[PDB]
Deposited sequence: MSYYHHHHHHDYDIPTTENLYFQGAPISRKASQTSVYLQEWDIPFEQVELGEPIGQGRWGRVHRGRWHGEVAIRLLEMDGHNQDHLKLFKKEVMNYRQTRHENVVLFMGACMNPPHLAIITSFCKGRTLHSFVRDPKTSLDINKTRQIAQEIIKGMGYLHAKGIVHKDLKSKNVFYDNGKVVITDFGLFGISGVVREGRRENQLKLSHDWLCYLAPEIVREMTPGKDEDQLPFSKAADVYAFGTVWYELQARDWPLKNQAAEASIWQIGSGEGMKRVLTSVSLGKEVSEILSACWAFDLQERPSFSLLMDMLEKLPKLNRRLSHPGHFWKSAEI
């Protein structure tokens, strides 16, 4: 990809200040005239199978456009150096948004934000793209509008170590039991069983955050979280411990369902969110 193969007309785009690092390259702010987000990756693997899948997923993301999904614009690959360019999201992460004192969530606003997220995920699923990293920090809220970011990105195989693991707590809260059981040192993220059902479980966690403005499990040693999540015990005890409303809690129990196959689709979840207060 030499960036001229994309439908967004581009003469030149300039890097601006960085705005965070992570397992997948460094994210800068930039100017396409419009602001954009530019993610810089480098490919250790250097095997052309990895670049083949990268090409596959990046042209798959071209086919997407939806008002609740961040606009994928471009990607260029001068291997080992690669760049992914999406539209820049003004406003605040839903994560820092529910955690604000001044913010006023209510039985209506939560359902509305949730329905936005559900429409976005439903689109992504229809085109057969799995997010694999839906979480509160990957949803943006600017006035009325809600946008999902950072989708499909876990499928790639660039530089990220040791034969131990380091797992942030915020992330593991969004992980379904199928996944955390497979975690073990020396296992890469690409071999884990992400899926549509795991995505609706992660939606369960973001809805709980909409209710309680916090994690469902208080910060603790990661081994503890792995056991509590993959045993299903921890999520049963949270459903026990402080409750919300019956119809509210039904969606949570459905999304967090231990057996993945009993988890609802996103189309169904739209209906469930409709028949509410």
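- Not built in the structure, per the record, are deposited positions 1-35, 196-199, 317-334.
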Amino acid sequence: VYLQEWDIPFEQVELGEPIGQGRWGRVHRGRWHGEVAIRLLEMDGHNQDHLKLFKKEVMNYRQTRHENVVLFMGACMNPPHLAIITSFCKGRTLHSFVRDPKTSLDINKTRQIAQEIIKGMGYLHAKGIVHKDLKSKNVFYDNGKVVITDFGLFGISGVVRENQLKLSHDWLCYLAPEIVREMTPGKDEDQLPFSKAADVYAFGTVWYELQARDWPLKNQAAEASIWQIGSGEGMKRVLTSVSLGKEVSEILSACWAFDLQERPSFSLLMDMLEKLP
From here on, numbers count along this sequence of modelled residues.
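- Note on 96-104 vs 198-206: mean CA B-factor is higher in 96-104.
- Of the two segments, 132-140 and 151-159, the one listed with the higher mean B-factor is 151-159 (C-alpha atoms only).
- Across 31, 46, 28, 66, the entry's maximum B-factor at the CA atom is seen for 46.
- The entry assigns its greatest Cα B factor, within the set 244, 217, 37, 229, to 244.
- In the PDB entry, a CA B factor belonging to the highest third of its chain's modelled residues is recorded for residue 185.
- Among the modelled residues of its chain, residue 41 has a C-alpha B-factor that falls in the middle third, as given in the PDB entry.
- Remark: residue 80 belongs to the highest third of its chain, ranked by C-alpha B-factor as recorded.
- Among the modelled residues of its chain, residue 59 has a C-alpha B-factor that falls in the highest third according to the deposited record.
- Ranked against the other modelled residues of its chain, the C-alpha B-factor of residue 53 as given in the entry falls in the highest third.
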